[PDB]
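Some notes on the structure that comes next.
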Amino acid sequence: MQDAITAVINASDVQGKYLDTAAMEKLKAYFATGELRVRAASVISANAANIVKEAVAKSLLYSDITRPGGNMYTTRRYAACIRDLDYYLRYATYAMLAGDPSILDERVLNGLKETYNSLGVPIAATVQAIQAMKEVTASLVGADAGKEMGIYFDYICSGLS
Amino acid sequence: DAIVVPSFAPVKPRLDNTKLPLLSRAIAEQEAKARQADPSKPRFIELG
Ligand SMILES: CCC1=C(C)/C(=C/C2=NC(=C\c3[nH]c(/C=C4\NC(=O)[C@H](C)[C@H]4CC)c(C)c3CCC(=O)O)/C(CCC(=O)O)=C2C)NC1=O
């Protein structure tokens, strides 16, 4: 398992060395910014439904995707699409709290591109929907917290593409 | 003994039309306007 503090600990364990000053400083930075990250994460969870609604409205709705034959034409596909965005956001916020991009790669980005390719989901459309979520999440979270959230959101998009 | 005018040979034109400027504009317009929204119709969001 990987977290920001845990990854510093894991690197130190591989060395076998006692805690270095550089390791202490990096861990201190994680301790320092945890407050802003925590408050924003709570806000994200509270307004999670509104965020995915805003994202599909801004990117994935009123287009050919939701018009016939667009991989969202049916209610089953639409429900799976909003569910997929919801999972993307949930594991992304998990990782944003953790501070480490490794967690999302472990769960969200493990075979995700292959699965989407097999099912015929548009990779680009998913990426643009993720970016639209990034804008909405930045608006709700605020600039300081949203910038941190944006980095891990963008890591998810990079894994997809 | 040769025939100066043996027969008049048909020629295949080199320049293919529907690439010519006027038809090309019109072909673009008909295609693009068809893909766009249609005036005077009740249902337009249903169409793919
Ligand atoms: C094949 C199954 C299927 C259906 C049916 C379907 C419909 C559908 N209805 C939509 C919107 C909508 N649907 C309604 C529905 C209603 N508002 C009302 O007052 C009524 C009570 C009610 C209908 C009689 C509204 C208001 C919107 C627009 C939402 C908005 O933009 O504010 C949207 C999102 C906007 C878009 O088209 O991109 C879809 C996809 N999609 C599907 O995949």
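Chain labels follow the order of the structure tokens: the first chain is A, the next B, and so on; residue numbering restarts at 1 in every chain, and ligands are counted from 1 in their shown order.
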Mind listing the residues within 6 Å of ligand 1, only C-alpha atoms and all ligand atoms counted, as a PDB file with C-alpha atoms, in the first residue's frame?
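As written to disk, result_27.pdb reads:
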ATOM      1  CA  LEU A  61     -24.679  15.859 -22.512  1.00  0.00           C
ATOM      2  CA  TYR A  62     -26.612  17.451 -25.377  1.00  0.00           C
ATOM      3  CA  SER A  63     -24.378  15.860 -28.008  1.00  0.00           C
ATOM      4  CA  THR A  66     -26.282  10.830 -25.597  1.00  0.00           C
ATOM      5  CA  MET A  72     -24.946   6.596 -23.954  1.00  0.00           C
ATOM      6  CA  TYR A  73     -28.101   6.394 -26.050  1.00  0.00           C
ATOM      7  CA  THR A  74     -29.653   3.830 -23.694  1.00  0.00           C
ATOM      8  CA  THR A  75     -30.476   4.277 -20.020  1.00  0.00           C
ATOM      9  CA  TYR A  78     -26.131   6.487 -19.224  1.00  0.00           C
TER      10      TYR A  78
END
At a cut-off of 8 Å, can you tabulate as JSON lines every residue of chain B near chain A together with its closest atom pair and the distance in Å to one decimal, using only C-alpha atoms and ordering rows by chain then number?
{"residue": "B:45", "atom": "CA", "partner": "A:67", "partner_atom": "CA", "distance": 7.5}
{"residue": "B:46", "atom": "CA", "partner": "A:67", "partner_atom": "CA", "distance": 6.8}
{"residue": "B:47", "atom": "CA", "partner": "A:67", "partner_atom": "CA", "distance": 7.3}
{"residue": "B:48", "atom": "CA", "partner": "A:68", "partner_atom": "CA", "distance": 5.4}
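Coordinates place CA of residue 146 (chain A) at a distance of 26.7 Å from CA of residue 79 (chain A).
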**Request:** Tell me, in Å to one decimal, how far CA of residue 110 (chain A) is from CA of residue 151 (chain A).
**Result:** 18.5 Å
**Prompt:** What is the distance between CA of residue 29 (chain A) and CA of residue 133 (chain A), in Å to one decimal?
**Reply:**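 Separation of CA of residue 29 (chain A) and CA of residue 133 (chain A): 26.9 Å.
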Check which residues of region 57-95 of chain A sit at most 7 Å from region 111-131 of chain A using only C-alpha atoms, and return one row each with the closest pair of atoms and their distance in Å to one decimal, ordered by chain and rising number, as a tab-separated table.
residue	atom	partner	partner_atom	distance
A:59	CA	A:129	CA	5.6
A:60	CA	A:129	CA	6.4
A:71	CA	A:121	CA	6.8
**Message:** Set the distance at 9 Å and use only C-alpha atoms: which residues neighbour residue 52 (chain A) once local chain neighbours fewer than 6 positions away are removed? I'd like the list as number ranges by chain.
**Reply:** A: 82, 85-86, 89, 133, 136
**Request:** Mind listing the alpha helix (DSSP H) residues of region 38-152 of chain A, per DSSP on the backbone, as a ChimeraX atom specification?
**Result:** /A:38-46,48-55,75-98,102-107,112-119,123-141,143-152
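Minimum atom-to-atom distance to residue 137 (chain A), evaluated using only C-alpha atoms, belongs to A:54 out of A:13, A:100, A:105, A:54.
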Contacts of residue 38 (chain A) at 12 Å or less, counting only C-alpha atoms, minus same-chain residues fewer than 2 places along, as a CSV table (one decimal) with N, CA, C and O atoms, in the first residue's frame?
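After the write, selection.csv holds the following:
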chain,number,residue,atom,x,y,z
A,30,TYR,N,3.5,17.2,4.3
A,30,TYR,CA,2.2,16.5,4.3
A,30,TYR,C,1.4,16.8,5.5
A,30,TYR,O,0.2,17.1,5.3
A,31,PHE,N,2.0,16.8,6.7
A,31,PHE,CA,1.3,17.2,7.9
A,31,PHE,C,0.7,18.6,7.8
A,31,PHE,O,-0.4,18.9,8.3
A,32,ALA,N,1.5,19.5,7.1
A,32,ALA,CA,1.1,20.9,7.1
A,32,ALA,C,-0.1,21.2,6.2
A,32,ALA,O,-1.0,21.9,6.6
A,33,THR,N,-0.2,20.5,5.0
A,33,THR,CA,-1.2,20.8,4.1
A,33,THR,C,-2.4,19.9,4.3
A,33,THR,O,-3.4,20.0,3.5
A,34,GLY,N,-2.4,18.9,5.2
A,34,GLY,CA,-3.5,18.1,5.5
A,34,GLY,C,-4.8,18.8,5.8
A,34,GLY,O,-5.9,18.3,5.4
A,35,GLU,N,-4.7,19.9,6.5
A,35,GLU,CA,-5.9,20.6,6.9
A,35,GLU,C,-6.7,21.1,5.7
A,35,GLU,O,-7.9,20.8,5.6
A,36,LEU,N,-6.1,21.8,4.8
A,36,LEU,CA,-6.8,22.3,3.6
A,36,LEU,C,-7.3,21.1,2.8
A,36,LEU,O,-8.5,21.1,2.3
A,40,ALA,N,-11.5,20.4,2.0
A,40,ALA,CA,-11.9,20.3,0.6
A,40,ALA,C,-12.5,19.0,0.3
A,40,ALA,O,-13.5,18.9,-0.4
A,41,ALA,N,-12.0,17.9,0.9
A,41,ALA,CA,-12.5,16.6,0.6
A,41,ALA,C,-13.9,16.4,1.2
A,41,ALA,O,-14.8,15.8,0.5
A,42,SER,N,-14.1,17.0,2.3
A,42,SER,CA,-15.5,16.9,2.9
A,42,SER,C,-16.5,17.7,2.0
A,42,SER,O,-17.6,17.2,1.8
A,43,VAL,N,-16.0,18.8,1.5
A,43,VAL,CA,-16.9,19.6,0.6
A,43,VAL,C,-17.2,18.8,-0.7
A,43,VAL,O,-18.3,18.8,-1.2
A,44,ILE,N,-16.2,18.1,-1.2
A,44,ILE,CA,-16.4,17.3,-2.4
A,44,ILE,C,-17.4,16.3,-2.2
A,44,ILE,O,-18.3,16.1,-3.0
A,45,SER,N,-17.3,15.5,-1.1
A,45,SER,CA,-18.3,14.5,-0.8
A,45,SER,C,-19.7,15.0,-0.6
A,45,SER,O,-20.6,14.4,-1.1
A,93,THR,N,-10.7,11.4,-4.9
A,93,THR,CA,-10.8,12.1,-3.7
A,93,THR,C,-10.1,11.3,-2.6
A,93,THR,O,-9.4,11.9,-1.7
A,94,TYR,N,-10.3,10.0,-2.6
A,94,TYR,CA,-9.4,9.2,-1.7
A,94,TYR,C,-8.0,9.5,-1.9
A,94,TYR,O,-7.3,9.8,-0.9
A,95,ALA,N,-7.5,9.5,-3.1
A,95,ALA,CA,-6.1,9.7,-3.4
A,95,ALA,C,-5.7,11.2,-3.0
A,95,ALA,O,-4.6,11.4,-2.6
A,96,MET,N,-6.6,12.1,-3.3
A,96,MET,CA,-6.3,13.5,-2.9
A,96,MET,C,-6.1,13.7,-1.4
A,96,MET,O,-5.2,14.4,-1.0
A,97,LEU,N,-6.9,13.0,-0.6
A,97,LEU,CA,-6.7,13.0,0.8
A,97,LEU,C,-5.4,12.4,1.2
A,97,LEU,O,-4.6,12.9,2.0
A,98,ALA,N,-5.1,11.2,0.5
A,98,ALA,CA,-3.8,10.5,0.8
A,98,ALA,C,-2.6,11.4,0.4
A,98,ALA,O,-1.6,11.3,1.1
A,99,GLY,N,-2.8,12.2,-0.6
A,99,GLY,CA,-1.7,13.0,-1.1
A,99,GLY,C,-0.8,12.3,-2.1
A,99,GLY,O,0.1,13.0,-2.7
A,141,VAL,N,-14.2,23.4,-4.6
A,141,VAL,CA,-13.2,23.3,-3.6
A,141,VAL,C,-12.5,24.6,-3.3
A,141,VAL,O,-12.0,24.9,-2.2
A,145,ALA,N,-7.1,24.4,-2.7
A,145,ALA,CA,-7.4,23.0,-2.7
A,145,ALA,C,-7.7,22.4,-4.0
A,145,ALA,O,-7.2,21.3,-4.3
A,146,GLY,N,-8.4,23.1,-4.9
A,146,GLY,CA,-8.6,22.6,-6.2
A,146,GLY,C,-7.4,22.4,-7.1
A,146,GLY,O,-7.3,21.4,-7.9
A,148,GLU,N,-4.5,21.3,-5.9
A,148,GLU,CA,-4.1,20.0,-5.4
A,148,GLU,C,-5.0,18.9,-6.0
A,148,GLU,O,-4.4,17.8,-6.4
A,149,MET,N,-6.3,19.1,-6.0
A,149,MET,CA,-7.2,18.1,-6.5
A,149,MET,C,-7.0,17.9,-8.0
A,149,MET,O,-7.1,16.8,-8.6
